[PDB]
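Asks: Fold the stuff below for me.
(chains A and B, ligands or ions: 6)
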Number of protein chains: 2
Amino acid sequence: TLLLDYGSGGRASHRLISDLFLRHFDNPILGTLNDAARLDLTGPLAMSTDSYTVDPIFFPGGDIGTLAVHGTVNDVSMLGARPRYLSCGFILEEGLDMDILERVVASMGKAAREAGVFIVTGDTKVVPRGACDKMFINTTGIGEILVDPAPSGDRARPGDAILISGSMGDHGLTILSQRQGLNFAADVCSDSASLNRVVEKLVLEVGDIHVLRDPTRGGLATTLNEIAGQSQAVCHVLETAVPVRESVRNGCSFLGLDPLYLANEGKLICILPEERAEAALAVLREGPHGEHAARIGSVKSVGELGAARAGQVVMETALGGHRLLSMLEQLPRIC
Amino acid sequence: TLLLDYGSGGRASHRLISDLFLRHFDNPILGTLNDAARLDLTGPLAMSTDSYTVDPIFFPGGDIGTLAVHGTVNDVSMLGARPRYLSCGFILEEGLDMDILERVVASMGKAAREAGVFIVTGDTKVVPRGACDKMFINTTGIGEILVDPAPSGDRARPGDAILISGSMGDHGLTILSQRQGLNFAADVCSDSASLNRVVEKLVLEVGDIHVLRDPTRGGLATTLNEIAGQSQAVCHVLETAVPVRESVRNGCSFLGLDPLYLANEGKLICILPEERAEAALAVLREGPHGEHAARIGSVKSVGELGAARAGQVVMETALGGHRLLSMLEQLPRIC
Ligand SMILES: Nc1ncnc2c1ncn2[C@@H]1O[C@H](COP(=O)(O)OP(=O)(O)OP(=O)(O)O)[C@@H](O)[C@H]1O
Ligand SMILES: Nc1ncnc2c1ncn2[C@@H]1O[C@H](COP(=O)(O)OP(=O)(O)OP(=O)(O)O)[C@@H](O)[C@H]1O
Ligand SMILES: [Mg+2]
Ligand SMILES: [Mg+2]
Ligand SMILES: [Mg+2]
Ligand SMILES: [Mg+2]
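Replies: Residues are numbered from 1 along each chain as shown, chains lettered A, B, ... in the order given. Ligands and ions are numbered 1, 2, ... in the order given. Shown next is the protein structure:
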């Protein structure tokens, strides 16, 4: 149903753009249909881009459209910014079921509305059969930075608490189990969700936020390694304090997966001084998936425990020992 | 050589990002390696996104990297803005020759430097063999609008001159002939080039620019139809005044192609009041490919010639008659 014609730039192209994309994204900035969108924005801005390649396109709790909006809304938010405007670049396979496209577009429209964001400008490329697997989406986000200094990977400092906003491993498990035709529990679905509202309240009401990051590819373990490395410190984490749903733990062990390295799509790590930790945690409890928000550890200077060097992540194990959480070695198209 | 590992988000991923992308894009905004780039920008902004799917990746006069930078720099420029900052989202096929990637990355770095632009933030997804054809790139551009009112597709008005910045059909012909192993002449190559500097001088020194657009997919004929439609006017064009290189004309007729509908990648249309037309043309002559900048026609009100309705494009033919230039019906992955 998606003919090559829709990517040629002619009459059918313009029809798809007006009748589908504009209809769902509905705003007068996009409606302009010019070579660029005109934006009125305040000053220090945050900009992020991500392409989305998730297989399958549809899964419990989300889809590629939901990922395309939430993930980019989230990345902009990690710099302590208020996301305002997104662009979307579709890459589509000739022959694609058109209802797949409309469902994905509908998901994006809905997600953007819920996040208080508009899709202001776009692109649509249709490639011949076989040139791509159904559909990829790139989204780029632009937002207004809310604080100075703003959160940054290099700002974790000794004595900081490390907070998590909810359960680990859910998204990664659900796509990997979907892809093998397995449903472990009703309990197991993607956590794809927008975190801009929790971040705004953290940054403006709690304050002094050092680091925000979303544990997507590589999971909690490789975002903690990134932060430890950028901040030249060591992250100490308590295994029992990292929330992982029983059903996720059980699904992960059945598939030989580690929930600490599986991509999440509706979660953040928040690092900040100890005296603000309790207030931040109170806020995280009210954010998406916040039933399971928790203090999971702390930041320490090199040689403080120790022997762990700058950039290392050490987990105190449930058995009373330790495990070094190093970066991976995999798990394709989980987002 | 491009292993799946480079898309997993682990140690090799971070190595590729630092050792290749950051090396070539070299700037302290990107160097931050955070979830978003921090940008200091003035006020009314222009934002555009485009994905690039050109096949083949390398061709006379450019490549996908050159297209990825120039095309997006150009689109931002069409709103009478100064492009400042780009993002890039790579989608890569497992197994890809790594020197292909480095050559493309090198091209992007070079193009961005020449345009006076920085690549500030990025993404890199690697998909399994067969999930995509080698490589796609999305780029998003952000720029500062230079004038109010700024150029817009809906601002062409009766009496306006229609100017072209150079020859038509070159890019489209070269990729289509490359793809069939044909070299028509040394004269025939992509025109992939950045137009931001010509646009800045047009907007600030000539002034009162009504419309700017780049005749990419669908070519000159379907951007004139877009503008005529958005402006609810009729574009009148003179066939003999539209520049098309002899070698391009000859290559197009040998392949059954129409140079007026073939994508260009280093060209713009400029529409503005008659009394500024000569000054604008003087500027266009000094811009990229400006040897062939020309007045090609004019904008007229409905019923002014006529009988052509709002949105129509009529070409006075070289033989002394007329041809309606309507939108297409194709030519895949020409960009
Ligand atoms: N998937 C989409 N979602 C939202 N808007 C879109 C989408 N695709 C295209 N558009 C909008 O449609 C208009 C035409 O876009 P188009 O991609 O044809 O312009 P262009 O980038 O100048 O041309 P080309 O991609 O052929 O070089 C633009 O205003 C663009 O923002
Ligand atoms: N192709 C690229 N060009 C320039 N910078 C890049 C590129 N790929 C990644 N980066 C940069 O590397 C850093 C890490 O990017 P990454 O994509 O891993 O972060 P993320 O988007 O938060 O995670 P994910 O894509 O796994 O959800 C970011 O600062 C990003 O701007
Ligand atoms: Mg486009
Ligand atoms: Mg992130
Ligand atoms: Mg990314
Ligand atoms: Mg354009």
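Asks: Show me what the helix ranked longest in chain A is in contact with.
Replies: Ranked by residue count, the top helix of chain A under DSSP state H comes out as helix A:98-115. Here helix A:98-115 makes contact (CB atoms under 8 Å, 6 or more residues apart in numbering or on different chains) with A:1-2, A:20-21, A:24-26, A:57-58, A:62-66, A:68-70, A:73, A:83, A:86, A:88, A:92, A:118-119, A:134-135, A:137, A:194, A:196. All C-beta spots, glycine's among them, are computed from the backbone N, C-alpha and C.
Asks: got it, and stretch A:307-326?
Replies: A:221, A:224-225, A:228-229, A:232-240, A:260, A:302, A:305.
Asks: now, which of those residues lie within helices?
Replies: A:221, A:224-225, A:228-229.
Asks: List buried residues within the residues you listed.
Replies: A:221, A:224-225, A:228-229 (16 or more other CB atoms under 10 Å in any protein chain shown).
Asks: picking that back up, for PyMOL, write the selection for the buried entries among the contacts of stretch A:307-326.
Replies: Selection of buried members from those for PyMOL, criterion 16+ other CB under 10 Å:
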select buried, chain A and resi 221+224+225+228+229+233+234+235+236+237+238+239+260+302
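Asks: ok, residue A:94 - how many residues close by?
Replies: 18 (other CB atoms under 10 Å in any protein chain shown).
Asks: can you pull up the bridge partners for residue A:47?
Replies: Per DSSP bridges, the residues bridged to residue A:47 are residue A:142, residue B:37.
Asks: Spell out which parts of the stretch 151-300 of chain A neighbour ligand 4.
Replies: residue A:214 (CB under 5 Å from the ion).
Asks: Might you report the residue contacts of residue A:42?
Replies: residue A:144.
Asks: quick one: is the strand ranked longest in chain A near ligand 3?
Replies: Longest strand in chain A, counting residues (DSSP state E): strand A:81-93. No - shown here: strand A:81-93 not in contact with ligand 3 (CB under 5 Å from the ion), separated by at least 7.8 Å.
Asks: and the residue in chain A that ligand 5 sits nearest to, what does it touch?
Replies: The minimum distance from chain A to ligand 5, using CB to the ion, falls at residue A:50 (4.3 Å). Contacts for residue A:50 (CB under 8 Å, 6+ apart) come out as A:68, A:71-72, A:75, A:138-139, B:89, B:123.
Asks: Among those, which ones are in strands?
Replies: A:138-139, B:89, B:123.
Asks: send the alpha carbons of the longest helix of chain A over as PDB?
Replies: Once non-C-alpha atoms are left out, helix A:98-115 reads as follows in PDB (Å, rounded to 0.1, in the frame of the first residue of the first chain):
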ATOM      1  CA  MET A  98      -0.300   1.900   5.400                       C
ATOM      2  CA  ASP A  99      -2.200   1.100   8.600                       C
ATOM      3  CA  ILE A 100       1.100   0.300  10.300                       C
ATOM      4  CA  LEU A 101       2.300   3.900   9.400                       C
ATOM      5  CA  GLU A 102      -1.000   5.500  10.600                       C
ATOM      6  CA  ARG A 103      -0.900   3.600  13.900                       C
ATOM      7  CA  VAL A 104       2.700   4.800  14.400                       C
ATOM      8  CA  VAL A 105       1.900   8.400  13.400                       C
ATOM      9  CA  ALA A 106      -1.100   8.300  15.700                       C
ATOM     10  CA  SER A 107       1.100   7.100  18.600                       C
ATOM     11  CA  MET A 108       3.600  10.000  17.900                       C
ATOM     12  CA  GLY A 109       0.800  12.600  17.900                       C
ATOM     13  CA  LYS A 110      -0.600  11.300  21.200                       C
ATOM     14  CA  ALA A 111       2.800  11.100  22.800                       C
ATOM     15  CA  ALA A 112       3.800  14.600  21.800                       C
ATOM     16  CA  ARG A 113       0.400  16.000  23.100                       C
ATOM     17  CA  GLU A 114       1.000  14.300  26.400                       C
ATOM     18  CA  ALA A 115       4.500  15.600  26.700                       C
END
